[PDB]
């Protein structure tokens, strides 16, 4: 009866959701996926094929979009399930009062290892991926900031640096890893491991879950230097034709049964606290999904770099060329 345009990352909405929403609301949602923020960005500033009413950027893209005037304000008064959000995902300084973004799903990037093929006790750090022996067998997520952060951490620098010298040094190191790289995948990184065309590499903790779920000896190792933490937030584009509907779609995503239902299917963790008490105990206590306080303490959240995004972005495409 109404139509809504939703652009989101690839494995987050499982078959059955959007339809459920439609049963309830009578709103028809035209769904579209993207595999990276860089992608989603270059699109929103050019076309319609992508999405207009609802998009989902990483919190590190929120200030930059907000500034370009790309996303508008969210009336959270119409978002009555907002109170279910864990308060530790709300004081963030890129949107202190959550007027432009709504926590949706969080996760981590770490080392995925093919059990029945490689000994998980043998890989312990990001540093190990540079060993000559992993030649032509590594999977890398197709994310500039995640690839830099892994090399940046291997060197002892912050993954949120804004120092071109540091970045450049990571670039240099990233060049040594080139022979080891079999693929770049931001679609569903578990896939190549399951197809078994890669032994070890980077892995999102949620897609390794859906893969185990299907019987793949995919083990997740927290690296000695960190683990890359990130969060995806719902935002409403400035040129949205249906912001009223977008706020419905958001409150739907905030009802605890919904979030509960998706998190058990896609494994990525929910910042929805209500929905967390509802989670089966095999999921809620899986430390590769809801890692302990000492482990987030040792990893680092991907944050805004500002104008320096220019350097990561360019230096990454060079890499993907070279």
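Numbering follows the first chain given and starts at 1.
Visitor: Mind pulling up the entry and telling me whether 118 to 126 or 158 to 166 has the higher mean Cα temperature factor?
Guide: Mean C-alpha B-factor is greater for 118 to 126.
Visitor: According to the deposited model, is the average Cα temperature factor higher in 35 to 43 or in 250 to 258?
Guide: Stretch with the greater average CA B-factor: 35 to 43.
Visitor: Compare the C-alpha B factor of residue 286 with those of the other modelled residues in its chain, then answer lowest, middle or highest third.
Guide: It falls in the bottom third of the chain.
Visitor: Among the modelled residues of this chain, does the Cα B factor of residue 144 put it in the lowest, middle or highest third?
Guide: Lowest third, going by the recorded CA B-factors of the chain.
Visitor: Split the chain's modelled residues into thirds by Cα B-factor; is residue 171 in the lowest, middle or highest one?
Guide: Answer is lowest: the recorded C-alpha B-factor places it there.
Visitor: Would you mind ranking residue 280 by its C-alpha B-factor against the rest of the chain and naming the third, lowest, middle or highest?
Guide: Ranked within chain, residue 280 CA B lands in the middle tercile.
Visitor: Within this chain, which third does the Cα B-factor at residue 65 fall in: lowest, middle or highest?
Guide: Highest third - that is where residue 65 ends up once the chain's C-alpha B-factors are sorted.
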